[PDB]
Amino acid sequence: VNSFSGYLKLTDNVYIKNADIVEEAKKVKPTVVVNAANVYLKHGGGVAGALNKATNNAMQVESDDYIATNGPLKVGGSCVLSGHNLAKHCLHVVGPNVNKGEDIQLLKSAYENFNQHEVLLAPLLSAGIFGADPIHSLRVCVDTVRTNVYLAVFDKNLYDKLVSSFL
Ligand SMILES: Cc1cc(S(=O)(=O)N2CCC[C@H](C(N)=O)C2)cnc1N
């Protein structure tokens, strides 16, 4: 049993809710919240900008030190950093950004990072300002992630479309 509430069950291991991931993280304090990161961990907008703002920029400060030491992530890759006031840990995962021309096949590799964590609160990778089709992202999630994932979808209209079109 876990503390996630109000989710619709899509499969054995994937759950979905219309929710603001920031507000959901603040309330559950999950072991892992996933950030929709870029390779530079520049948390300017989208989910990343919102998560970072909720940490009062502490996520960005930590991230800048990480990059100065380690260099950029790979598209499809990830790193574990602090969850600050939102979660124990933040898994920063880089999905391909269609608006930069990155290969959507890398979306499966991005979701594979979730399998290193037993339970996660997450957004749909490569959705929103990353330009991919969220219906496709949900399909890849379901077909790739085997651990227990609680997906937060900000937009109510999109949430309803994702549920109603789910096979
Ligand atoms: C292994 C496991 C993790 C989680 S959790 O990452 O979401 N988190 C962990 C910390 C306490 C949180 C809570 N508010 O109880 C729930 C939930 N259930 C589980 N069986």
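Residues numbered from 1 in each chain as written, not as in the entry; some residues may be left out. Heavy atoms only, no water.

The record names X-ray crystallography as the way this model was obtained, at a resolution of 1.0500 Å.

J.: Even after reading the chapter, I still don't get the pairing of strand β4 (residues 78–82), so can you show me in this structure?
T.: Side-chain positions along a regular strand alternate between the two faces of the sheet. Direction of pairing for β4 relative to strand β5 (residues 89–93): antiparallel, over a ladder of 5 bridges. Residue pairing for β5: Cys79 is matched across the bridge by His92. Hairpin connection from β4 to β5: 6 residues lie between these consecutive antiparallel strands, with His84 at a positive phi of about 55 degrees. (Pairing = 2+ DSSP bridges. Helix = DSSP H or I, 4+ residues; strand = E, 2+ residues; numbered from the N terminus.)

J.: Looking at this structure, I do not really get the site of the ligand. What am I missing?
T.: In the region of the ligand, the neighbouring residues are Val1, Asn2, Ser3, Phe4, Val28, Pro30, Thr31 and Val119. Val28 places a polar main-chain atom, nitrogen or oxygen, 3.0 Å from a nitrogen atom of the ligand. In the model, an oxygen atom of the ligand is placed 2.8 Å from a nitrogen or oxygen of the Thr31 side chain. For the ligand, whose accessible area on its own is 470 Å², the fraction buried by protein is 56%. Per-class residue counts for the shell around the ligand are 5 nonpolar, 3 polar and no charged. (Near = heavy atom within 4 Å. Polar contact = N/O pair within 3.5 Å; in protein donor to acceptor, adjacent residues only side chain to side chain. Areas by Shrake-Rupley, 256 points an atom, 1.4 Å probe, with all protein chains shown as cover. Nonpolar A, V, L, I, M, F, W, Y, C, P; charged D, E, K, R; others polar.)

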